[PDB]
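Peer 1: Could you have a look at this structure, given as structure tokens, before my questions?
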Amino acid sequence: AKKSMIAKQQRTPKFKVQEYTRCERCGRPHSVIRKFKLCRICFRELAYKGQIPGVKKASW
Amino acid sequence: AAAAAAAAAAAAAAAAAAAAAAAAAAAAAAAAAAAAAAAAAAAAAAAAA
Amino acid sequence: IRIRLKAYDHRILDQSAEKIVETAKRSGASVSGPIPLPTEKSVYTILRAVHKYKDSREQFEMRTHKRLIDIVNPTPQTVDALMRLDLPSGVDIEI
Amino acid sequence: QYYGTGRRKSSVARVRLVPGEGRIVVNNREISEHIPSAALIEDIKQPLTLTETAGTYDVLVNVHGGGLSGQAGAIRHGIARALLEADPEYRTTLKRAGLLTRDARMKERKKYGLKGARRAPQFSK
Amino acid sequence: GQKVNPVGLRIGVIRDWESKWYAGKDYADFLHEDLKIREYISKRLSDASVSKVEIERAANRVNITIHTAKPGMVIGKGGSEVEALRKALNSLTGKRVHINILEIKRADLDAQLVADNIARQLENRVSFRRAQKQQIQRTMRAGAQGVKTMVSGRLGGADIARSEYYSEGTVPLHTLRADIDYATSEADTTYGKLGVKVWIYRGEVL
Amino acid sequence: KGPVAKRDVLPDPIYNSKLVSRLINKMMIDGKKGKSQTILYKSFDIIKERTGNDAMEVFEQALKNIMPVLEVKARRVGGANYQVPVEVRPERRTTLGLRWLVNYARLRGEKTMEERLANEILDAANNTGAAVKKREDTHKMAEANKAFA
Amino acid sequence: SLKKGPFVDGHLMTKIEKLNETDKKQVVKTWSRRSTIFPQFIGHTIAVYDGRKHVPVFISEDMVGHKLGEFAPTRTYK
Amino acid sequence: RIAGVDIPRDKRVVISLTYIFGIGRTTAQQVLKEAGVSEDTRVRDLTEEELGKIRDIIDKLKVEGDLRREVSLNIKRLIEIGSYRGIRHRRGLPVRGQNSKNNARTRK
RNA sequence: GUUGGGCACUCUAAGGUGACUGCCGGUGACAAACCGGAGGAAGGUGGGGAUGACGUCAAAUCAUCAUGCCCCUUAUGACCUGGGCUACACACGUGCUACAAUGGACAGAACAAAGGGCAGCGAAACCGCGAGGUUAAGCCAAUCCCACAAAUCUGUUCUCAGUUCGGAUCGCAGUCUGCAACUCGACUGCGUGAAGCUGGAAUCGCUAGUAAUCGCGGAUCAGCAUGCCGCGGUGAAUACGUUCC
């Protein structure tokens with residue numbers, strides 16, 4: 001069950017509280033960041049591949 | 001305070017010199033002899049007061 | 001005429017700052033300079049590992065820094081000069 | 001109007017030494033009105049006691065940031081800097097006493113997997 | 001557990017962003033539009049050997065620059081390539097697209113085209129020594145102070161898969177002013193999936 | 001590796017001593033010098049009141065009673081567990097005296113550590129006291145094991 | 001449910017008021033556990049769906065301030 | 001003594017009244033504000049007027065056995081009706097909804 | 001600091017300069033280097049981060065993804081409601097709160113940093129003991145809001161008890177979020193107040209703005225934080241040494 005669940009999130013449910021955040025590139029909840037609307041590992045991959053214009057390696 | 005500190009310190013350094021002499025009797029020749037002589041005389045000097 | 005540029009790179013924002021600064025300064029508008037305004041930055045800490053290893057993380061950094069430019073005297077020659085400044089997509093002019 | 005900046009532990013004080021008798025005025029309040037625990041009051045006075053400056057300048061201080069001992073360090077550092085601006089002479093005395101160092105001991109940044117930038121949670125075998 | 005990718009490591013030191021704009025209020029929507037763009041363009045021109053795509057966002061306008069290392073497959077007949085490229089993007093994205101196509105002189109220094117050229121040869125069943133050594137000769141004659149190509153997977157040996165390093169010259173991954181091109185590619189063969197990792201120390205910036 | 005050294009702050013607004021601020025930094029619970037300074041000055045004011053002396057001299061006299069000449073370290077050779085007597089260098093004499101004052105004061109039990117530390121100083125002055133149990137017992141351990149040095 | 005009103009589902013309220021407009025009947029198969037017990041429910045043996053079956057419970061004078069799923073534990077233990 | 005149970009003579013009034021089953025701190029302060037004892041007296045030192053007011057104020061309030069009998073009625077209520085929360089009351093498992101693979105050591 | 005005024009000062013964010021054993025003396029082959037000294041905001045990789053070599057454990061991930069091979073297919077696929085992932089006799093890792101006068105409660109005075117806010121942050125006023133409620137200013141934010149920091153300091157009060165310690169658990173009545181808080185949410189109010197009076201064998205963290213302690217913030221998210229990630233506040237004790245693990 002992957003594309004069915006992605007499709008179910010891409011629907012409009014019965015109630016607004018059934019709406020939950022999801023991947024948009026690599027299908028999974030648990031740690032989809034609201035800002036990027038992206039999964040965590042896919043954020044790490046794309047931010048390594050020079051995309052996602054804000055994030056570089058952090059040090060302070 | 002003073003006499004007890006002097007007594008215990010002089011006796012511990014005295015046993016240091018004596019054990020250092022008696023562990024090896026013929027080596028690192030003779031500084032231990034002056035050490036034990038001065039320490040024993042100073043122990044008598046401290047106990048005399 | 002309170003132009004707030006905000007970008008991710010400081011050098012691109014410097015180019016788009018001094019371009020407005022010079023084009024408005026040359027025609028007498030009494031340009032108060034590129035006032036540097038505090039950056040809003042966000043830190044995203046991420047479990048590096050695919051599956052396990054909560055102790056193994058990696059931190060990413062997004063800095064958006066902004067600078068304020070004010071033009072006080074009207075001088076609409078400067079406004080017609082500002083309207084034709086084509087400066088790139090990095091900086092987000094908002095007058 | 002001799003002026004000195006003091007920085008300590010994310011606190012910054014602005015010390016202006018006016019010719020007076022020895023009153024220190026922190027944000028329109030006085031010393032024990034704003035700093036209790038008079039070890040900080042005598043320690044905040046150390047640049048004015050090491051070189052003989054005992055009653056020849058009042059001190060006016062504008063402080064912000066940090067906590068009260070951090071503000072104490074910023075005030076005494078700004079005093080030592082403005083008191084160099086008074087006489088450049090006794091820089092050897094202040095420097096042998098410290099007083100131009102700005103202890104850079106900022107509170108350290110927390111690391112991931114640690115509790116408090118050195119703390120490991122607990123190890124069990 | 002090993003090395004951080006140097007592409008993601010030198011962003012904001014010397015290597016720029018591919019995707020260059022500033023966020024206004026729909027940053028996520030611009031991101032996922034550009035993911036659909038990059039997927040579509042990498043599918044259509046992963047035959048025509050395009051390495052990298054830089055996207056601008058210019059207030060209803062998008063400047064896409066395309067780095068190919070050959071012009072006349074991508075500018076082509078003049079009309080037809082930029083037409084057939086901009087037309088489906090103007091529809092499936094929803095706004096205006098401008099296309100500027102920069103050509104990479106010295107095609108053997110960009111690690112994406114190098115890793116794809118090694119992957120194709122693995123799909124053409126060229127031996128995994130001939131691919132890497134041939135390509136290392138191509139890069140070291142095209143002029144590079146170091147190249148490292150590492151291929152892993154089932155090499156034609158069934159129940160054990162292992163990694164293979166070949167390299168020439170200095171590839172100093174710890175010097176943070178290095179200008180190293182890193183790139184992955186995949187090669188789906190009958191025995192599974194091979195992974196090509198190429199990174200090219202090309203020269204540093206003072 | 002090599003030895004590293006430390007520092008400490010010179011005055012106290014009443015009782016201008018180094019070692020009294022050394023006791024202020026001691027007995028600090030959870031980063032509160034304010035509570036330890038209040039406890040300390042109320043205790044030394046009790047020592048100035050209850051015995052008509054300045055509490056500096058009573059406090060140093062108590063220190064002189066507690067500061068141990070001879071620690072006895074360990075030296076395990078084989079299955080022997082020998083203890084070896086060590087002449088304490090006087091920095092550690094002062095710091096073991098301060099630990100024993102602080103620990104046995106708060107270990108006594110009275111209706112403030114003001115009173116507990118004050119009465120522990122008053123006992124270590126007139127040498128019979130709680131930290132001086134540790135002084136006597138360390139000197140007895142060094143006296144029995146003096147054969148090794 | 002504080003001052004918005006109490007809560008019941010419209011289908012179970014509909015069925016119970018159909019049951020109360022004439023007379024009582026068999027158990028009411030109701031998947032709703034989330035719904036409070038109104039005092040107009042009293043006497044109605046109703047079948048709460050616990051997760052795998054419909055358990056019949058008979059409602060009294062006391063069983064009002066709670067809900068339906070307090071009267072159907074879902075986990076069997078020893 | 002007042003509700004059939006003692007209060008200690010040597011405490012203050014606000015907290016000697018706490019030992020009655022049904023009066024904590026804040027109901028004690030609600031009493032002694034109406035009475036006006038100013039919260040600083042022993043209860044070994046009061047007058048019969050000023051303590052009789054304390055007695056009949058506590059007599060108006062639901063304190064000693066009323067509380068026990070009604071809470072026994074509540075426990076018997078959710079024991080008799082069924083009521084999984086009363087199953088938790090009965091069995092020795094936590095009532096308000098609490099995890100039980102760990103501690104839950106007030107109840108067994 | 002509201003106005004006018006000023007860029008001095010802090011601050012902010014850009015370009016610099018800046019610390020390199022550079023200079024002195026000593027030791028040491030003359031080297032490399034080391035010890036003390038001077039200057040200096042900074043002294044010997046100044047403090048920290050990011051960076052994790054060849055390889056080891058066929059370590060982990062087919063459940064982020066992609067996947068070779070094998071299997072199911074009107075089902076090992078799909079929808080829907082309901083339950084469960086929160087069970088509970090037990091063990092076991094990590095954590096929170098205490099066992100109390102350096103304490104508890106009450107009142108007064110002050111001091112932060114870092115970060116967030118558009119169908120969002122939400123002032124102020126009013127009501128409610130309180131959780132909160134109604135109307136709503138300003139704010140796409142160095143302005144406005146979150147946001148009244150807390151330990152601290154100073155007074156009042158208790159006086160060493162299973163208590164004016166501690167809050168488990170529990171009854172009743174409430175509040176908010178949201179179709180909906182029964183299993184299974186957080187918070188408040190009243191009442192009840194337990195075990196616990198510093199912990200056996202064993203065992204862990206930390207070398208300085210650290211440990212200890214105190215609050216603050218943000219992700220996630222309608223709502224759920226004692227977890228995590230950062231932030232400041234006060235702020236130590238010790239390092240003789242390499243005998244032992």
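We label chains A, B, ... in the order they appear in the structure tokens, count residues from 1 in each chain, and number ligands from 1 in the order shown.
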Which residues are near residue A:55? Cut-off 7 Å, only C-alpha atoms (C1' of nucleotides), ignore same chain within fewer than 2 positions. Put them as a PDB file with C-alpha atoms, in the first residue's frame.
Peer 2:
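To be explicit, this is the file written out as out_1.pdb:
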ATOM      1  CA  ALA A  47      19.734  19.765  -0.331  1.00  0.00           C
ATOM      2  CA  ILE A  52      16.359  23.949  -2.098  1.00  0.00           C
ATOM      3  CA  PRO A  53      17.802  27.463  -2.214  1.00  0.00           C
ATOM      4  CA  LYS A  57      25.694  22.992   6.160  1.00  0.00           C
TER       5      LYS A  57
ATOM      6  CA  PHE C  60      21.158  22.712   7.989  1.00  0.00           C
ATOM      7  CA  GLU C  61      21.015  26.494   7.901  1.00  0.00           C
ATOM      8  CA  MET C  62      18.865  28.929   5.955  1.00  0.00           C
TER       9      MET C  62
END
Peer 1: What are the residues of chain I lining chain G at 7 Å or less? Count only C-alpha atoms (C1' of nucleotides), and put the answer as a PyMOL selection string.
Peer 2: chain I and resi 81-83+87+180+182-183
Peer 1: Could you check how far atom CA of residue H:75 sits from atom CA of residue H:90, in Å to one decimal?
Peer 2: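 Going from atom CA of residue H:75 over to atom CA of residue H:90, I get 9.2 Å.
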Peer 1: Please measure the separation of atom CA of residue F:100 and atom CA of residue F:47, giving the value in Å to one decimal.
Peer 2: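 Taking atom CA of residue F:100 as the start and atom CA of residue F:47 as the end point, the length is 18.2 Å.
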Peer 1: Between atom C1' of residue I:40 and atom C1' of residue I:18, what is the distance, to one decimal in Å?
Peer 2: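 Those two atoms sit 10.3 Å apart.
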